[PDB]
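S.K.: Please find one structure pasted underneath; my questions will follow.
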Amino acid sequence: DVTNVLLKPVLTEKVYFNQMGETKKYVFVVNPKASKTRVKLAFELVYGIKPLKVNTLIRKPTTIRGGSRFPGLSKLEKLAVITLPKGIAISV
Amino acid sequence: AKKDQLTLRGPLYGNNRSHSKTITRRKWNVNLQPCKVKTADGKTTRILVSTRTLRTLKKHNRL
Amino acid sequence: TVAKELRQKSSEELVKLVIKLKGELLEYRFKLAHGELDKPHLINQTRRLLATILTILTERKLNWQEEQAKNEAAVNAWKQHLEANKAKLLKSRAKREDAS
Amino acid sequence: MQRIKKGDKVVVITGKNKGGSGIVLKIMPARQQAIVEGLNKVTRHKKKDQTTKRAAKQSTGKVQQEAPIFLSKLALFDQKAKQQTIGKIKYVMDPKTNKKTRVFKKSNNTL
RNA sequence: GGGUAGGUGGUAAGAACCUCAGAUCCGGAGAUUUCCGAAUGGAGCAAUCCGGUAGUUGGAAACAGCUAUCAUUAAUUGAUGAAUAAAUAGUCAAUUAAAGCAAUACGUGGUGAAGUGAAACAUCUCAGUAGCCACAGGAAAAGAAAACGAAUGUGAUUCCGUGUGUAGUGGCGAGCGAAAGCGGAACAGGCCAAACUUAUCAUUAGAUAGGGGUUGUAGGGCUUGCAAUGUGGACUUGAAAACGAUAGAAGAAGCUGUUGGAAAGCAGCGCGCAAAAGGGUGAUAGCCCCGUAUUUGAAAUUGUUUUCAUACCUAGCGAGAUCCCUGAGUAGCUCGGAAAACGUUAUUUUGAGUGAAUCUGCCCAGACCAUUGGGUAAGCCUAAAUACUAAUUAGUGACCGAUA
RNA sequence: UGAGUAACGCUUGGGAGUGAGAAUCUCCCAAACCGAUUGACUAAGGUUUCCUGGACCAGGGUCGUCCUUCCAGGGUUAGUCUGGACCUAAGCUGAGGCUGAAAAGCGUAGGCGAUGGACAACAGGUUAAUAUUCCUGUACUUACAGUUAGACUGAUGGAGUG
RNA sequence: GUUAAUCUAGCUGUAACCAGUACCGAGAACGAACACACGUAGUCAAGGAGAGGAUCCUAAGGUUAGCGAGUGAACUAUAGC
């Protein structure tokens, strides 16, 4: 109960396609050390709705800015997708 | 190890020669023998003991 | 300044203020993920205020004094989901018992 | 203490702009410049339009803008007397009204 | 605490803010310090997974958050406890220390090369060097004579110069190289066992804890006297003081013309220095700026030294007496080595055996005996004087200037 | 200098379009190809090269509007699949222990180490980038309570299948 | 334990964690300093003739081998005669 596992909700075209259906999908970026149950509890105690399905995925660090005289690396990121029972939508 | 349990004193390393006076790095091992020692607690225990320390114990009534 | 934090009741009011500031900062960061924030400077100010309150609490004891007594449309959607699941299970069992 | 306080009048000792007066606005003591209004009006060329044709208020032409002046070239101005001499500065005076005060070496006039 | 007007670390232009109700900045003192990592709750492919135990909140629960703990060894203490009755090993519980890293540099110790030189090479040198390993420490090691050694002698040890390329040692070959003494650096000696005695140990204790002494001009213990009340530091704490160290302050003196893009250079007349070190400023500036010599300044932390008080340790001169004690596998001896300048010789040290005396003693003075003289081993401890600089501060350089 | 020479490392044509410029870019139609393979599906390894938009300085053995090149923005979704929390073969580590100048070497109790064992989900559709995972339909397992019916349950250990 | 525990069966509610999941993958992205004719685990495996996954042409599906255009000397390689 610290709510230190919700960094930023992303807004991409895939997301925009996702909420237009009947499920109102939500996606957050999460501290890489937080599990499914931690995210579920945080989401329950941040809006008041108990999620049905909670799924997670990862992005490996990737080389970015190939030509810069210094090759940087993309940061490790973990995303959590949360879905709600059909027929409800909540603002962020 | 090849050392008596009464005092840390192991082998000695030196040079071995012949009539040709050639050098050879050779070790000399202190003699050990498992003779039981009776500690003044009603107990006996076998430990590796040098023969010289064994003579000292024999003359000191320590078995 | 920070001297005004020593004066107040450092038992229960400060921790409630910490929780409220944490919630507001989380909402601020969520707005930062969006376009409608318009006040860049508030993030660092709130972060430093939280750091100061955490220091002044830590000088005495812990932050989490949980030993005390620390939406609404979800019920409708949950009722609909339970009804749908119940109907699916009932029809499945009815067909299963009608098979023989 | 610093020789120049933001707000007071200043003059220039050496350079092309002899006998010039001005008011100080910005000071960068880390790398030792000084910004005075009305002096060193360099002709900036607002090179913005040719980057791309999207922005507005991007092609105005030759515009006069201020240029930094090295701090050591300046001298504070004296006007507490009919015949004033642009002199040195002394920090030692310590009235109880404030921490320290400043005074011209060649005369006795506050600030 | 210092110190004030800008500040939001560099690639930095900027949108949005803080700011003289004393910001940024400097110094001191404080907290969070995720994970790995000696990693130590258990594992592992380092930055991963899985837990047990005790509280606390949600609940009906699985479980989930929020907190704390859970390695080993060694030592100490207690309970438990086998074969075997007791007892021992083992087991459990509790407390206390390490466990590693590095300063490419010093020290001690263990182990320990070859190339090469000898124009080959085995003796030998390299070399007790390199490597590996153990442990440090702020330096380390050594240390108070069983010494030297030829003297009407010096008097712990350590380092430097000399003695000296000497005496000598070497298939007498390459080579190797002291010890006295002298002149310097610094300088100070203390503490245990022993007889004697007290108290306690199934008083058989042989063990535990107290006084007593620290030894060669032989000393100490014993019986018995006189006179101290103090010299003092390898030294416990309290009170103060000085001088530093970690932030800062005050802190002098110029114009005019000139070539000139710009003057500070150049020319004329001036000014100050306990400050003419240095750096910057549109050309080489003492007087444009920061500064610099000097005088000052410490809320807090910290170092050295000084004074007083205080705890422990310490002191001189007699008399008796064949009274007692004075460092045991000890030293020599033999068999092989090794440090010694010596390639094994007294000296020293030891792997195997052998194995005394008690002041009428023992050892030493390069085989040994006798005489003479010197010193008291086989117990322990020690400051400075010596080597080194990865770190911090300031400064220096007939050291370098982008193939350096 | 060798020198604008040797080589440029398994193949074409036409039309339209793009374009500043096209044998090479795009589209269209043909042909010539391997087809137990140059195809469809994945192990180990590469870590973004996958998709979209832009560009052609450098890289493309010619050119280039185009590229596995660069820049900018996105993309992998699991109670059931791959491997953990289940199990063991070599083998590794290893309390106590033995052994060796030291470093260390051996080894017991244990613990790790699958290429194997047990273990419950299938068909279809959707996106440029994912789909036994997202979605529609239909299923199963293992804990967990409350409740209900019946039943004395039967291990760390023994024995057979395994 | 039998004042009940322990499982078994159905109903009601509840839980199911962590890491991989793109693309390439007998090759232009992997190992050969390369957009090299080299090398590499397993799985699918069409029709005619054929014992056959050989041989020939094809199906599904997929490539245009990252220099070319000419002439058709000697000579070289490949083949045919």
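Chains as they are written, first to last, in full-length UniProt numbering: chain A, 2 to 93; chain B, 2 to 64; chain C, 2 to 71, 80 to 109; chain D, 1 to 111.
For each residue, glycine too, the CB sits at the ideal point set by N, CA and C.
Compute the Euclidean distance between the alpha carbons of C:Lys5 and A:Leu77, then round it to the nearest angstrom.
M.R.: The sequence position of residue 5 of chain C within the third sequence is 4, counting from 1. The sequence position of residue 77 of chain A within the first sequence is 76, counting from 1. Rounded to the nearest angstrom, the two C-alpha atoms are 41 Å apart.
S.K.: The beta strand (DSSP E) spanning C:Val3 covers which residue range?
M.R.: The count along the third sequence starts at 1 and reaches residue 3 of chain C at position 2. Boundaries for C:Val3: no beta strand (DSSP E) harbours it, and the DSSP string shows neither H nor E there.
S.K.: What separation, rounded to the nearest whole angstrom, lies between the Cα atoms of A:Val3 and C:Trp65?
M.R.: Taking the first sequence and counting its residues from 1, the one referred to as residue 3 of chain A is at position 2. Taking the third sequence and counting its residues from 1, the one referred to as residue 65 of chain C is at position 64. Taking the straight line from one Cα to the other gives about 10 Å.
S.K.: How far does the beta strand (DSSP E) with A:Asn19 in it reach, from first residue to last?
M.R.: Reading the first sequence from its first residue, position 18 is the one you call residue 19 of chain A. Annotation for A:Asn19: no beta strand (DSSP E) segment contains it, though the alpha helix (DSSP H) segment containing it runs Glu14 to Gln20.
S.K.: Under DSSP, the beta strand (DSSP E) around D:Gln64 begins and ends at which residues?
M.R.: On the fourth sequence, position 64 is the one that residue 64 of chain D refers to. Looking at the DSSP string, the run of the beta strand (DSSP E) that includes D:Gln64 is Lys62 to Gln65.
S.K.: Check the Cβ-Cβ distances between C:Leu27 and every residue of chain A, and say whether any is below 9 Å.
M.R.: In the third sequence, residue 27 of chain C corresponds to position 26, counting from 1. Yes, its Cβ sits closer than 9 Å to a Cβ of chain A.
S.K.: Run through chain C and tell me which residues come within less than 9 Å of A:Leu7, C-beta to C-beta.
M.R.: On the first sequence, residue 7 of chain A is found 6 positions in, with the first residue counted as 1. Near A:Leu7 (Cβ distances below 9 Å), the residues of chain C are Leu27, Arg30 and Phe31.
S.K.: Along the beta strand (DSSP E) that carries A:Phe71, what are the first and last residues, could you check?
M.R.: Sequence index remark: in the first sequence, residue 71 of chain A carries index 70 (1-based). That residue, A:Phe71, is in no beta strand (DSSP E); it is neither H nor E in DSSP.
S.K.: Would the segment 65-79 of chain D and the segment 27-42 of chain D be scored as touching if the rule is three or more Cβ pairs under 8 Å?
M.R.: yes
S.K.: Between B:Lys44, B:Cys36 and B:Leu13, which has its C-alpha nearest B:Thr57's C-alpha?
M.R.: For the purposes of this step, residue 57 of chain B is identified with residue 56 of the second sequence, where counting begins at 1. If we check each option's Cα against that of B:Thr57, B:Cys36 comes out closest.
S.K.: Can you confirm whether C:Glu68, when its beta carbon is compared against all beta carbons of chain A, has any partner nearer than 9 Å?
M.R.: Residue mapping note: residue 68 of chain C aligns to position 67 of the third sequence, counting from 1. For C:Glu68, the answer is no, since every Cβ of chain A falls outside 9 Å of its Cβ.
S.K.: Checking contacts by CB at 9 Å: is C:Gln89 closer than that to chain A?
M.R.: As a position in the third sequence, residue 89 of chain C is number 80, starting the count at 1. Closer than 9 Å to some Cβ of chain A, the Cβ of C:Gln89 qualifies, so yes.
S.K.: Pick helix, strand or coil for B:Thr8, following the three-state DSSP scheme.
M.R.: Along the second sequence, read from residue 1 onward, the residue named residue 8 of chain B stands at position 7. DSSP places B:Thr8 in coil when its eight states are reduced to three.
S.K.: Could you give the distance in angstroms between the alpha-carbon of A:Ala43 and the alpha-carbon of A:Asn56?
M.R.: One-based indexing of the first sequence puts residue 43 of chain A at position 42. One-based indexing of the first sequence puts residue 56 of chain A at position 55. Cα to Cα, the separation comes out at about 14 Å.
S.K.: Name, please, each residue of chain A whose Cβ falls closer than 7 Å to the Cβ of C:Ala34.
M.R.: Here residue 34 of chain C is taken as the residue at index 33 of the third sequence, counted from 1. Per Cβ cutoff of 7 Å: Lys9 and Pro10.
S.K.: Between A:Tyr48 and chain C, is there a C-beta pair that is closer than 9 Å?
M.R.: Within the first sequence, numbered from 1, the residue matching residue 48 of chain A stands at position 47. Judged by the 9 Å Cβ criterion, A:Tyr48 is in contact with chain C.
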